[PDB]
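Supplied in structure tokens, the structure appears directly below.
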Amino acid sequence: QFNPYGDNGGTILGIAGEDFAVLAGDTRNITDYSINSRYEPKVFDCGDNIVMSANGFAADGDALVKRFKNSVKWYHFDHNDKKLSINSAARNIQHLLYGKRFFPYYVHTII
Amino acid sequence: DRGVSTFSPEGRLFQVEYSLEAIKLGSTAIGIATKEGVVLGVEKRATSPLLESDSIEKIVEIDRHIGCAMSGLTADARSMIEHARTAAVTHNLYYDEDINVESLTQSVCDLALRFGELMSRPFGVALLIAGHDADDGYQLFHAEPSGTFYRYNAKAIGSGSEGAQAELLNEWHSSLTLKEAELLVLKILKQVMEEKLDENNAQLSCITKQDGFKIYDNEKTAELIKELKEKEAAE
Amino acid sequence: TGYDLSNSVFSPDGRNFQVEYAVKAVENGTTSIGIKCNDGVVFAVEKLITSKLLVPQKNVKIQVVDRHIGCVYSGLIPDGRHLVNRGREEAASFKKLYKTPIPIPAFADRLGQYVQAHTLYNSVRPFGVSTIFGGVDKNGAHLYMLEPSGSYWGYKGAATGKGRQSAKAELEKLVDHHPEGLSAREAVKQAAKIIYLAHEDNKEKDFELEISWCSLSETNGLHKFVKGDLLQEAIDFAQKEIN
Amino acid sequence: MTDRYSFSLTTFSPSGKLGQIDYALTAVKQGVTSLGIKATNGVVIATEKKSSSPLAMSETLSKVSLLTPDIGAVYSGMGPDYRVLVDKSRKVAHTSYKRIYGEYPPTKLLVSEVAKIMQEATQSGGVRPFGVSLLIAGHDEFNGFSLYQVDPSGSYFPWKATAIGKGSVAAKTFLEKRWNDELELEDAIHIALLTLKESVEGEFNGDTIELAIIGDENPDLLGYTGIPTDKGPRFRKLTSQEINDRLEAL
Amino acid sequence: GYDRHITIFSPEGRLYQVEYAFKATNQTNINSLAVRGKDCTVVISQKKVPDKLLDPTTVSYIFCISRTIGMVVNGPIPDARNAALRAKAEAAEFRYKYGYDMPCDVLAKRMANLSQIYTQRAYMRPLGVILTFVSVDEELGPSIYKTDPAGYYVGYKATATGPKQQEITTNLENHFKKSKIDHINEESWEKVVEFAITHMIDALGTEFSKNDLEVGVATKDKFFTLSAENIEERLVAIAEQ
Amino acid sequence: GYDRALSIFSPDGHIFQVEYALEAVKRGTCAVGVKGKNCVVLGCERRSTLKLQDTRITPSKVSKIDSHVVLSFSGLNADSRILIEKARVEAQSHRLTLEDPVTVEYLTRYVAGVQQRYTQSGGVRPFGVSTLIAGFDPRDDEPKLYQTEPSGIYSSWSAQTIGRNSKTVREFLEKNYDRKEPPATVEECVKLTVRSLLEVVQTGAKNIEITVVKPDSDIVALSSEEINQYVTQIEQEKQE
Amino acid sequence: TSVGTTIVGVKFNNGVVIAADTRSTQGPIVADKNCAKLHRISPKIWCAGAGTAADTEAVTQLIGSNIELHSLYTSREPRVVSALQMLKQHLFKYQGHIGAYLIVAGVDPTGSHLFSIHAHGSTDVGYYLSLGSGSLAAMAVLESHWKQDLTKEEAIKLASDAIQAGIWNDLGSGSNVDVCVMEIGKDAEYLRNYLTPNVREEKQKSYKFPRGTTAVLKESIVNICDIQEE
Amino acid sequence: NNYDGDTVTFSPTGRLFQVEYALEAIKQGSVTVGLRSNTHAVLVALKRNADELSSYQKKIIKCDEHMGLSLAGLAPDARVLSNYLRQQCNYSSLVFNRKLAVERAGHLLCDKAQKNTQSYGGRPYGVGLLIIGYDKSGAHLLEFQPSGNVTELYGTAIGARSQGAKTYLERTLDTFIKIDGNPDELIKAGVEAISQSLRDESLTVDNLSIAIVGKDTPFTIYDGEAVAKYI
Amino acid sequence: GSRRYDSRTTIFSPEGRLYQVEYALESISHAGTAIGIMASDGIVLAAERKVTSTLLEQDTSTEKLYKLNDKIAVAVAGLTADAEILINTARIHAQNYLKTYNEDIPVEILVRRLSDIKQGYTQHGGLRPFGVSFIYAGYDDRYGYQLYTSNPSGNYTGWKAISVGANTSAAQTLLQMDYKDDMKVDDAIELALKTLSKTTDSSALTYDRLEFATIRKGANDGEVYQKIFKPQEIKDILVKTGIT
Ligand SMILES: [Mg+2]
């Protein structure tokens with residue numbers, strides 16, 4: 001039987017300061033007991049001063065980040081180049097994720 | 001006969017141009033934008049004295065920060081209002097914020113040219129959309145059945161529009177107060193209306209950042225009408 | 001009367017006037033030609049320079065279908081592009097199912113049936129283009145010309161557009177003077193001359209020459225544009241003949 | 001593309017006339033004469049095989065058609081319209097009846113189905129009415145022998161005897177004088193041949209006349225033996241020789 | 001007067017669009033003829049290549065529909081190829097569904113039914129063609145069945161189509177009045193082709209070279225068209241007696 | 001599907017199909033609505049060109065949409081049935097989802113919305129019907145009376161009439177109806193409604209129908225004799 | 001599918017013969033002791049069915065119906081290969097869910113034919129075939145006595161002997177032998193109950209009851225007539 | 001005349017009048033200019049107001065970081081076509097990690113407009129577009145007509161009185177094509193070009209709209225006081 | 001395109017009338033007269049066949065009177081083929097109701113359903129309306145004996161006595177003159193035949209030109225019987241009432 005999911009390992013960490021924020025992640029990508037890559041970037045600059053990581057199944061992780069980056073682009077087109085605030089980005093990502101409620105993106109997302 | 005989406009030899013869509021004629025027959029609606037708020041006012045124009053005039057609803061809320069006035073075939077406006085309200089609420093659901101006044105207006109205007117042989121004809125109503133957002137402050141837009149929308153410092157639509165617009169040309173300046181705008185709408189409505197203006201055949205409304213969109217009570221408007229009469233008799 | 005107001009209506013003559021009116025749009029277009037040579041085909045077209053602001057060599061008119069077929073047309077350019085887009089879909093599905101690239105006669109009928117279909121209903125307009133097309137397949141070289149009615153035949157030489165009468169006369173000379181055949185390189189030279197000669201019907205504005213070819217020996221049976229030195233050589237040959 | 005004619009092409013005129021139906025009936029009037037006569041023990045339907053060319057093999061053109069083993073049809077008007085109606089009538093006898101009840105439809109109900117198809121071409125979008133009138137003869141256990149006429153409007157009527165097409169007015173008068181409720185099948189055939197001769201100009205023989213009957217069961221035409229209840233079709237097309245034999249006793 | 005633009009009845013009960021489609025049939029100015037032998041069916045058609053720039057091998061109005069069935073068309077080539085493609089599809093589908101080769105008369109009926117639909121449905125125009133189908137059927141033998149824009153079809157002992165069909169028809173009628181049989185009593189198809197060409201020459205009053213004719217021949221289990229050199233051999237035999 | 005735009009704008013900015021639908025309303029029998037202080041009365045004209053009619057079974061002019069709201073109309077009878085059915089379905093749908101019966105304004109807004117939709121949808125003509133919708137909101141004692149028309153506009157009325165000769169009865173109502181003091185009782189309201197129809201009707205016999213709607217789903221249709229007593233009393237006061 | 005049935009088909013000189021037993025079963029219980037398993041597709045094309053009895057009957061009637069319409073459309077007598085092609089394409093489409101296992105035989109203008117067809121849509125050609133739960137018993141007889149150039153009388157004998165092997169040795173088969181003979185240039189002859197080797201012996205006792213044996217609570221006339229006049 | 005009722009009807013001379021009437025809407029529109037060098041491509045557009053209280057209608061729309069256009073005619077039609085371009089630019093990036101070539105963008109717009117000229121029920125687009133972009137083959141300028149005809153040019157102008165600007169660019173051709181690595185001088189040439197199409201009115205601060213794209217310059221639109229430098 | 005040939009069957013005139021409905025009613029005015037009369041103990045349906053022939057098989061013929069179920073029947077005026085389309089739909093609706101509720105469909109509910117179908121063809125679809133007017137004669141246990149009529153507009157009304165088809169103005173006046181509320185079926189039978197005899201365009205009213213039906217509780221005890229009269233039975237009632 002075909003299993004549409006996989007586990008690419010990885011660990012990410014987000015901390016909010018008083019006037020700053022950090023999003024960190026290891027660069028190792030794996031399946032089972034093998035290393036796929038020692039440097040595969042996992043945390044991404046998505047524009048509008050937002051950084052994002054979708055950790056877990058890397059195919060879903062890459063798909064989500066890609067669709068959110070795209071959502072930032074179209075937010076600018078549709079709303080006169082208005083900056084996407086972090087709270088608005090968060091609500092948007094909820095809808096991206098819940099859209100696949102019955103076939104989920106197998107990731108834990110942090111922005 | 002001929003297509004509903006046909007161009008004239010001058011390069012204009014027949015049906016759109018004809019709907020503009022229906023809007024000219026509509027009751028007058030006026031909007032004035034200031035740095036203290038945007039005022040919206042309409043002529044109710046009841047067809048008979050037995051018609052309860054407070055059931056005439058030509059000023060409508062779209063969201064807390066966006067109001068709207070109409071002129072022309074007002075039954076056509078209902079689905080436009082329904083769309084506007086849905087778009088405003090949907091954007092808040094998707095983005096946890098207020099929608100920009102321009103974006104709301106653009107969403108409404110996207111419906112306009114969706115006619116052919118979609119709906120069977122253009123809308124026969126024009127809208128004055130007024131509101132406030134953090135990026136561009138107080139705004140007033142004129143949404144037409146052509147799909148075009150212009151931003152205005154002040155604008156009149158309906159049967160008394162060209163006389164009213166000439167009056168708005170002279171009276172508007174960038175330092176108008178909200179109170180000054182209220183009286184100005186009342187003054188110009190009184191000028192172009194057939195019947196004598198009072199609190200039952202005319203309606204006022206405004207949008208401010210603090211209190212949002214508010215339709216004025218007949219008692220509140222009646223006082224502003226009395227204030228207008230006295231200041232015109234003052235010279 | 002009124003028989004000419006609607007497509008697919010037979011007049012009392014048995015004619016489809018809307019198709020005949022589409023031909024008028026074709027006759028109004030620039031001159032395009034096709035020459036069938038010994039092991040391939042050559043296509044050429046007149047491109048009117050409306051203004052100095054047109055970037056030279058950029059507004060390419062001749063189109064490739066698959067990798068072995070060339071198409072050129074006169075009349076409404078957008079209609080020609082629509083026909084080629086369909087032709088590309090037809091060629092793709094043929095190769096998908098049957099593996100082998102679409103033979104030129106097979107391809108000719110695919111375009112023919114599609115153009116003919118636009119004469120069956122009043123809800124569509126006929127194509128405002130005549131298309132000259134062809135290439136090399138397993139049975140050798142083939143040249144076709146397709147009209148707004150959907151009518152097409154195989155040709156030794158073909159011409160359409162405003163200077164078609166001039167071009168046809170030139171093509172007829174080549175057929176008579178070369179019963180054994182014409183080489184691909186000769187056909188390119190001759191194509192350049194014929195377009196230059198046909199430009200007398202469009203003498204007001206100057207023009208740009210565009211040539212392409214498919215040849216078994218010269219291009220390995222693939223469609224290629226004539227560029228650089230070979231194009232200049234053909235232009236020189238053409239300019240020498242008009243003087 | 002798409003059929004964009006979703007509106008009726010037949011409509012009421014100010015006088016209440018349905019123009020396209022009237023014009024369809026005019027096309028039927030121009031058609032070659034066909035007739036039907038009902039006897040006590042059978043029904044006969046007949047028409048002229050108006051051959052368009054002598055090089056044409058008129059046997060390959062069947063104007064009289066079997067619909068079911070006990071039901072036959074003939075027409076006057078547009079042949080191509082008749083041919084497609086026979087295809088639809090044959091199929092509907094199976095789809096809306098035989099595949100449900102395991103038996104062939106009675107004459108009146110098959111006629112009803114054909115009538116419905118013709119009615120729909122009078123009201124549906126983007127079509128014209130059928131330019132034919134049909135005469136349908138048949139037999140079934142509970143209704144016995146019957147003969148029906150179906151018109152372009154979809155209206156149908158049962159007849160003792162009738163004629164349609166070119167010389168129908170004269171032919172119907174001829175049938176009124178000859179018909180009675182005691183006719184045997186051979187008498188009806190004789191009257192059919194007499195009536196049909198009046199409307200025929202040229203040759204009048206078994207090769208230019210098409211004639212069929214609904215009569216006794218034909219076990220010789222069944223194609224198999226062994227089932228007592230299956231006794232064969234009641235529809236039988238007369239041969240060229242069988243017609244000529246009855247033209248000597250004419 | 002929109003009853004002349006679409007396929008609805010005129011006050012006289014006529015379909016003008018069908019009548020005008022019959023007129024388009026003769027637009028090519030080509031005449032065809034079909035006859036039956038003992039073992040074969042032969043169809044001949046005039047071939048006219050008016051332009052020297054044309055490839056004459058691609059100019060044809062005879063089509064190989066299936067292995068057994070051939071079709072000659074009288075009318076414009078776009079409609080001719082429309083009918084040809086459909087007939088080929090119908091004949092192939094028939095064999096797939098019913099497990100035996102589609103008969104000539106059945107294909108004719110099917111195409112006639114399709115044509116009938118165009119005379120009743122408004123959105124579809126009639127095709128301006130007359131289709132003559134030929135074969136040697138496994139049940140009926142040599143067969144000629146012809147279809148027209150009205151949706152009419154019938155079998156023929158022999159037939160002719162085109163601007164000068166009447167002259168050819170009468171010529172054929174007169175021959176069969178003499179012989180009193182429904183076919184050309186000849187063993188070989190070569191001689192049946194020679195008969196067909198001879199009687200077209202007599203009827204039209206014109207001589208033919210090898211490039212002025214187009215010939216199709218149906219035998220048991222195959223239909224095929226003759227080359228220019230095959231036709232030349234036929235013309236030589238005609239001239240030598 | 002049939003998609004033809006039947007309702008379209010003309011050069012002068014008019015939609016003739018909507019305006020011609022109003023002409024169908026003008027032809028329809030007269031309907032009138034009058035609201036008192038604690039009731040609403042719907043009066044309807046019955047043309048006496050049709051006798052031998054069976055009045056038990058013949059479709060009555062006033063229809064209950066719910067137990068608390070009624071609808072009368074002028075115009076095409078067949079068209080009105082479609083609007084009545086839709087309204088009745090929506091009334092039950094509202095009770096099912098909101099767990100509260102429709103307000104008179106909501107029901108009016110729905111019917112008016114359906115009418116508007118039929119003025120800019122392809123392949124359909126407008127309803128040749130204007131309606132009077134009357135009743136009381138749940139747990140409310142304030143009378144409600146609304147009017148709709150083919151275009152889809154609607155509004156509230158102290159008193160209103162529609163149909164043939166409605167110009168005449170509106171004339172009567174405009175001079176006889178006082179807003180500061182509406183008909184204080186059922187009697188006064190029914191009397192004023194019958195009086196308004198008597199300006200237009202002909203014989204006060206089986207030509208006048210009267211339906212009284214009171215608060216809390218109290219709806220009753222008056223009989224021939226009850227109405228006949230109003231007709232009698234009105235003319236006896238008139239002989240003076 | 002339904003376990004049961006013995007059916008055979010045998011080619012001979014100038015035609016083909018099919019035969020079947022007459023037992024239909026529901027589990028171990030005999031539902032009908034004189035079932036008719038020989039079905040007619042057209043006058044001279046007959047088939048016999050094993051497996052799900054409703055499916056064999058239904059698929060035969062459907063193709064038989066379409067074969068009749070095809071025959072009328074083409075003005076030609078139906079061919080066995082047409083019945084075969086229509087049956088197999090229908091069955092293949094339903095992926096075996098229509099549990100029809102048939103032996104199809106007949107004569108047509110092309111000649112005499114004998115085919116088998118299996119529920120998933122595969123077909124086979126042969127001179128002798130057997131299907132059903134008693135097919136192995138039947139095939140044993142066919143493999144022992146079949147030869148080339150059988151006469152009509154020899155083929156009927158062989159076919160019925162093969163069915164008898166099923167009747168006696170297979171529990172899914174029993175009762176009688178039905179036969180249908182399809183000869184070229186002749187009417188097909190359906191021989192219902194060609195053999196009857198299983199008549200029940202007379203019972204030892206009559207079980208006719210004395211009248212009034214059964215206790216009755218109520219009696220009433222049932223109105224089967226329509227609503228009456230007057 | 002009898003042949004202008006719909007787009008599906010040719011005239012007896014082979015003309016499509018509905019398309020020609022759509023072309024007429026562009027001529028009524030406000031003037032806009034396009035020109036390019038080998039490093040940059042520039043759009044200059046004269047915006048039109050309804051009256052003195054109204055805003056000036058925006059003329060320039062961004063399609064991607066490397067592409068955008070200016071419009072003349074029906075503005076809603078430009079919104080439809082620009083939305084389609086945005087999607088196509090976006091599809092190319094998402095699926096192929098590839099910036100959409102300006103020439104291919106022109107082909108897509110041609111085909112989209114063509115379908116509206118051959119079918120019943122529809123209408124042609126009533127807008128002209130000037131597309132500029134910088135891709136893997138340098139700077140580009142395209143002119144789109146709703147007939148479907150798309151043309152690659154060094155410079156051009158569309159709208160009312162566009163002929164004056166077009167003649168100027170035809171004279172200046174040899175000068176402005178050489179303005180490489182100097183954005184301000186290329187815009188100056190565009191502002192001088194559009195000035196040849198003005199009558200009675202002149203270029204003010206809310207009147208003028210300028211866009212630029214180039215080698216190391218994302219597509220950016222200048223309005224308001226950002227264009228005062230060029231007035 | 002196709003718009004050119006569209007008659008637009010569902011539009012208002014400037015006067016607010018539906019063209020096609022009005023023209024369909026004009027068609028119906030030429031159809032044979034049908035009359036329905038309701039009495040206290042039953043309903044009568046009487047209708048005139050249109051100019052017949054001596055060769056028409058009358059005993060198997062039906063053009064006017066149709067059975068919808070055991071309790072409800074209709075008289076037809078207009079296009080017979082159009083009527084049969086609607087009649088079959090009505091027969092199905094009655095059975096749908098019987099299956100759903102296990103009770104016979106009340107007369108009005110059936111009438112409303114058919115009338116709504118007619119209405120639809122006047123408002124949407126772009127098709128011509130049905131050129132048919134019905135008289136419905138039926139019984140249910142709520143309202144008892146009922147007469148209705150419907151026409152191509154989809155409008156329906158209830159009646160004590162009514163006519164459709166030709167000469168309805170003359171027929172309705174004659175019915176209005178002689179009808180009384182306490183009338184019985186046997187009296188109503190006579191009125192219907194007398195009215196047809198006076199309004200007919202034929203020279204004389206004979207059995208072969210008539211279709212006749214009664215719905216009576218003259219069925220043995222509390223139940224209803226439909227009686228479609230045979231040709232001989234129409235001949236007898238014509239003699240009984242003294243018309244022939
Ligand atoms: Mg047609």
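Computed from heavy atoms alone, side chains included, the values below leave out hydrogens, waters and symmetry copies. So that the names make sense, note that chain A is the first sequence line, chain B the second, and so on, each numbered from 1.
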Can you pull out every ring-ring contact (aromatic ring centres under 6.0 Å, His included) where at least one residue sits in residues 124-171 of chain E? Sequence neighbours excluded, please.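 Sorted result for residues 124-171 of chain E: empty, none.
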Under 4.5 Å heavy-atom distance to chain D, tell me which part of E/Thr119 shows up: side chain, backbone, both or neither.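 Contact with chain D is through both the backbone and side chain of E/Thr119.
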Applying side-chain contact (heavy atoms from CB on, under 4.5 Å), run through D/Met1 and E/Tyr123 and close with a yes or a no. CA-CA 9 Å; D/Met1 187 233 286; E/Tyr123 87 106; 4.2 Å; yes
Non-hydrogen contacts under 4.5 angstrom with chain E: give the residues of residues 121-134 of chain D involved, or none if there are none.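 Against chain E, the residues of residues 121-134 of chain D that fall inside the cut-off (heavy atoms, under 4.5 Å) are D/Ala121, D/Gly126, D/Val127, D/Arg128, D/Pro129, D/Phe130, D/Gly131.
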Heavy-atom proximity to chain E below 4.5 Å, by part of D/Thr10: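 Neither part.
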Check the pair E/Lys109 / D/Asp87 against salt bridge (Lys or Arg N to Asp or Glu O under 4.0 Å), numbers first and verdict last. CA-CA 11 Å; E/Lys109 187 190 174 177; D/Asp87 290 332; 3.3 Å; yes
Using heavy-atom distances under 4.5 Å, tell me whether E/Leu140 contacts chain D through its side chain, its backbone, both, or neither. neither
For residues 60-74 of chain D, give me every residue with a non-hydrogen atom less than 4.5 Å from any non-hydrogen atom of chain E. D/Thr60, D/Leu61
Residues D/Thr26, E/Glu12; criterion side-chain contact (heavy atoms from CB on, under 4.5 Å); working and verdict: CA-CA 6 Å; D/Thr26 302; E/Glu12 342 305 325; 5.5 Å; no
Any heavy-atom pair between the side chains of D/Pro54 and E/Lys177 that's under 4.5 Å?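 Side chain of E/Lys177 against side chain of D/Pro54, heavy atoms only: no contact under 4.5 Å found.
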Minimum side-chain heavy-atom gap D/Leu55-E/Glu173 below 4.5 Å: yes
Pairs flagged by salt bridge (charged side-chain N to carboxylate O under 4.0 Å, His left out) wherever residues 122-141 of chain E is involved - sequence neighbours left out: E/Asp79-E/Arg125, E/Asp137-G/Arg76, E/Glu138-G/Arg79, E/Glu139-G/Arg76, E/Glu139-G/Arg79
Which region of D/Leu9, side chain (C-beta onward) or backbone (N, CA, C, O), has a non-hydrogen atom less than 4.5 Å from a non-hydrogen atom of chain E, or is it both or neither? side chain
Counting only non-hydrogen atoms closer than 4.5 Å, does E/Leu15 touch chain D with its backbone (N, CA, C, O), its side chain (CB onward), both, or neither? side chain
Segment of E/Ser10 engaging chain D (4.5 angstrom heavy-atom cut-off):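 Contact with chain D involves the backbone of E/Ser10 alone.
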